[PDB]
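Enquirer: before the rest arrives, take these chain(s) from the complex:
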Amino acid sequence: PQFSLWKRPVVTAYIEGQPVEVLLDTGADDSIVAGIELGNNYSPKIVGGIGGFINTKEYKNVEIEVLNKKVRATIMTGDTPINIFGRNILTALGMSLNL
């Protein structure tokens, strides 16, 4: 798998078996997805980026399948406009950014 970055590197992931399109993002430390409910056992966190801050819910040991691999990783849920898989998941997948 190689993403040449001429388009957004976006793929299909399954989170707790629910399909979501996600952006593979080296500029994000963590991962954030909208439109899925992961339940009542979370820790509330605030994240900031361009345009401001949002409230998130942090969930640990969540089942994720992406790029033909299955991993358990930390996921935040929140009103993000796009679903982001940040470096915590990219490293669990063994991905690298190369020049």
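Expert: Alright, I've got the coordinates. Numbers count the residues shown, from 1 in each chain, chains lettered A, B, ... in the order given.
Enquirer: Neighbours of residue A:34, how many?
Expert: Around residue A:34 there are 16 other residues, counting by other C-beta atoms under 10 Å. For every residue, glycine as well, the C-beta is placed using N, CA and C.
Enquirer: residues contacting it?
Expert: Taking C-beta atoms under 8 Å, 6 or more residues apart in numbering, we find residue A:34 in contact with A:77-81, A:83.
Enquirer: Now the two most distant members of those residues.
Expert: Distances among those were taken as C-beta to C-beta; the most separated pair is A:77 and A:81, at 13.6 Å.
Enquirer: These two: who's more crowded?
Expert: Of the pair residue A:77 and residue A:81, residue A:77 is the one with more neighbours under other C-beta under 10 Å, namely 22 against 8.
Enquirer: Give the bridge partners for the more buried one, please.
Expert: Here residue A:77 shows beta-bridge partners residue A:33, residue A:57, assigned using DSSP bridges.
Enquirer: same deal with residue A:47?
Expert: residue A:54.
Enquirer: Confirm for me that it is in contact with residue A:54.
Expert: Yes: Residue A:47 sits in contact with residue A:54 when judged by C-beta atoms under 8 Å, with a separation of 6.0 Å.
Enquirer: Report the set of residues contacting both of those two.
Expert: Contact criterion C-beta under 8 Å, 6+ apart; residues bridging residue A:47 and residue A:54 by contacting each: residue A:78.
Enquirer: Also put chain B in, sequence below:
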Amino acid sequence: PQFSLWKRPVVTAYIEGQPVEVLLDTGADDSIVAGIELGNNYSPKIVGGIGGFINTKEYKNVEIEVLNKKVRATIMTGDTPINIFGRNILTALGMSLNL
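Expert: Chain B now in position relative to the chains above:
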């Protein structure tokens, strides 16, 4: 150059001679830098991030020096909390995401 993503893929660069710390961000379409002054030859643009929208000043054909390369690229200046080189510069440098 390989970035293994266990730490942020941050480097230093020069933008028309001005030193900056920048994050290599596959999740950004554009490149946005705060604080530097590129002058009055710009067009306003509107950029959307995780928290909403900001106005930016768009400068074309800007010289930038990064990773021992010299390219000319479009830079936007505006209120980002982290300077980011997005896919317009990553593709100019020939970078890719690999698994």
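Enquirer: can you check the contacts of residue A:34 again with chain B included?
Expert: A:77-81, A:83 (C-beta atoms under 8 Å, 6 or more residues apart in numbering or on different chains).
Enquirer: let's see it at 7 Å
Expert: In this structure, residue A:34 makes contact with A:77-80, A:83, judged by C-beta atoms under 7 Å, 6 or more residues apart in numbering or on different chains.
Enquirer: In contact with residue A:48, which residues?
Expert: Counting by C-beta under 7 Å, 6+ apart, residue A:48 touches B:51, B:81.
Enquirer: go on, the one 4 residues further on?
Expert: Residue A:52 makes contact with B:51-52 under the criterion C-beta under 7 Å, 6+ apart.
Enquirer: related to what we said a few turns ago, return the members of the contacts of residue A:34 classed as buried.
Expert: For those, a burial check counting by 16 or more other C-beta atoms under 10 Å in any protein chain shown picks out A:77-78, A:80, A:83.
Enquirer: buried residues in stretch A:43-57?
Expert: A:47, A:49-51, A:54, A:56-57.
Enquirer: Same list (the contacts of residue A:34) but as JSON lines, adding distance to residue B:18.
Expert: Formatted as JSON lines, the entries for those read as follows, by distance: C-beta to C-beta, whole Å:
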{"residue": "A:77", "distance to residue B:18": "39"}
{"residue": "A:78", "distance to residue B:18": "34"}
{"residue": "A:79", "distance to residue B:18": "35"}
{"residue": "A:80", "distance to residue B:18": "32"}
{"residue": "A:83", "distance to residue B:18": "34"}
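Enquirer: Noted, bye for now.
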